[PDB]
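See structure below.
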Amino acid sequence: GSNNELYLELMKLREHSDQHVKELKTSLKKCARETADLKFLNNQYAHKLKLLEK
Amino acid sequence: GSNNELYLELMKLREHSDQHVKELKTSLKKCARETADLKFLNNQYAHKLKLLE
(Lines give C-alpha, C1' and ligand atoms only; values in the text may rest on other atoms or scores of the structure.)
Protein backbone atom coordinates (compact mmCIF):
# COMPACT_ATOMS: atom_id res chain seq x y z
CA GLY A 1 0.00 0.00 0.00
CA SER A 2 0.95 3.64 -0.53
CA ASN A 3 -0.30 7.03 0.65
CA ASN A 4 -0.64 8.10 -2.98
CA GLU A 5 -3.17 5.32 -3.49
CA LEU A 6 -4.91 6.51 -0.34
CA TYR A 7 -4.95 10.13 -1.53
CA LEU A 8 -6.30 9.11 -4.93
CA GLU A 9 -9.05 7.09 -3.26
CA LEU A 10 -10.10 10.07 -1.12
CA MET A 11 -10.25 12.16 -4.29
CA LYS A 12 -12.42 9.57 -6.02
CA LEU A 13 -14.77 9.39 -3.04
CA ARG A 14 -15.19 13.17 -3.05
CA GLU A 15 -16.07 13.23 -6.75
CA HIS A 16 -18.61 10.43 -6.33
CA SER A 17 -20.19 12.24 -3.37
CA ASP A 18 -20.45 15.48 -5.36
CA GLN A 19 -22.35 13.61 -8.07
CA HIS A 20 -24.68 12.13 -5.46
CA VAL A 21 -25.33 15.61 -4.07
CA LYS A 22 -26.54 16.81 -7.48
CA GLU A 23 -28.91 13.85 -7.81
CA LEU A 24 -30.31 14.38 -4.31
CA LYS A 25 -30.90 18.10 -4.87
CA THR A 26 -32.97 17.14 -7.91
CA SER A 27 -34.95 14.52 -5.99
CA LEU A 28 -35.53 16.97 -3.14
CA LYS A 29 -37.01 19.63 -5.43
CA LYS A 30 -39.27 17.01 -7.02
CA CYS A 31 -40.51 15.74 -3.66
CA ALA A 32 -41.06 19.28 -2.38
CA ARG A 33 -43.40 20.04 -5.29
CA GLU A 34 -45.37 16.85 -4.69
CA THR A 35 -45.81 17.71 -1.01
CA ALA A 36 -47.00 21.20 -1.92
CA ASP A 37 -49.60 19.80 -4.33
CA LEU A 38 -50.89 17.21 -1.86
CA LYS A 39 -51.14 19.89 0.83
CA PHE A 40 -53.21 22.13 -1.44
CA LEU A 41 -55.44 19.25 -2.54
CA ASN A 42 -55.94 18.06 1.04
CA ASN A 43 -57.08 21.54 2.06
CA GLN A 44 -59.71 21.48 -0.69
CA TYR A 45 -60.85 17.98 0.26
CA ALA A 46 -61.06 18.76 3.98
CA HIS A 47 -63.19 21.79 3.19
CA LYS A 48 -65.51 19.98 0.77
CA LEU A 49 -66.08 17.29 3.39
CA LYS A 50 -66.91 20.01 5.91
CA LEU A 51 -69.49 21.56 3.57
CA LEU A 52 -71.42 18.30 3.22
CA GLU A 53 -71.75 18.17 7.01
CA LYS A 54 -73.26 21.66 7.16
CA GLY B 1 4.39 17.51 8.20
CA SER B 2 3.14 18.48 4.75
CA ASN B 3 2.29 14.83 4.09
CA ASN B 4 -0.10 14.86 7.04
CA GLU B 5 -1.45 18.26 5.96
CA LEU B 6 -2.24 16.90 2.49
CA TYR B 7 -3.96 13.86 3.99
CA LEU B 8 -6.05 16.01 6.33
CA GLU B 9 -7.06 18.41 3.54
CA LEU B 10 -8.12 15.56 1.25
CA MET B 11 -9.99 13.93 4.12
CA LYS B 12 -11.67 17.26 4.82
CA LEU B 13 -12.94 17.51 1.25
CA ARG B 14 -14.06 13.89 1.29
CA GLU B 15 -15.90 14.27 4.59
CA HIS B 16 -17.51 17.62 3.73
CA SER B 17 -19.07 16.18 0.58
CA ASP B 18 -20.15 12.97 2.32
CA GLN B 19 -21.72 14.97 5.14
CA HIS B 20 -23.59 16.94 2.49
CA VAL B 21 -24.97 13.70 1.03
CA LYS B 22 -26.03 12.67 4.54
CA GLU B 23 -27.83 15.98 5.06
CA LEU B 24 -29.72 15.81 1.76
CA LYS B 25 -30.53 12.11 2.16
CA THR B 26 -32.09 12.82 5.55
CA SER B 27 -33.97 15.83 4.16
CA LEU B 28 -35.33 13.70 1.32
CA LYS B 29 -36.42 10.98 3.74
CA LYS B 30 -38.22 13.66 5.73
CA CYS B 31 -39.92 14.98 2.60
CA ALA B 32 -40.90 11.43 1.61
CA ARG B 33 -42.41 10.90 5.07
CA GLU B 34 -44.39 14.12 4.73
CA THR B 35 -45.63 12.93 1.34
CA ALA B 36 -46.76 9.62 2.84
CA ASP B 37 -48.59 11.40 5.66
CA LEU B 38 -50.39 13.61 3.15
CA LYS B 39 -51.27 10.75 0.80
CA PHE B 40 -52.79 8.87 3.72
CA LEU B 41 -54.98 11.85 4.56
CA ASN B 42 -55.62 12.50 0.87
CA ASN B 43 -56.77 8.93 0.26
CA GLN B 44 -58.86 9.01 3.43
CA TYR B 45 -60.58 12.22 2.33
CA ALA B 46 -61.15 11.13 -1.27
CA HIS B 47 -62.53 7.76 -0.19
CA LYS B 48 -64.81 9.45 2.34
CA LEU B 49 -66.03 11.84 -0.37
CA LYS B 50 -66.94 9.24 -3.01
CA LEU B 51 -69.29 7.58 -0.51
CA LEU B 52 -71.30 10.72 0.27
CA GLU B 53 -71.45 11.62 -3.43
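How things are named: the first chain in the C-alpha coordinates is A, the next is B, and so on; residues count from 1 in each chain; ligands count from 1 in the order shown.
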Residues of chain B within 6 Å of chain A, counting only C-alpha atoms, as an NGL selection string: :B and (14 or 17-18 or 21 or 28 or 35 or 42)
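Pairwise distance (CA of residue 51 (chain B), CA of residue 38 (chain B)) equals 20.2 Å.
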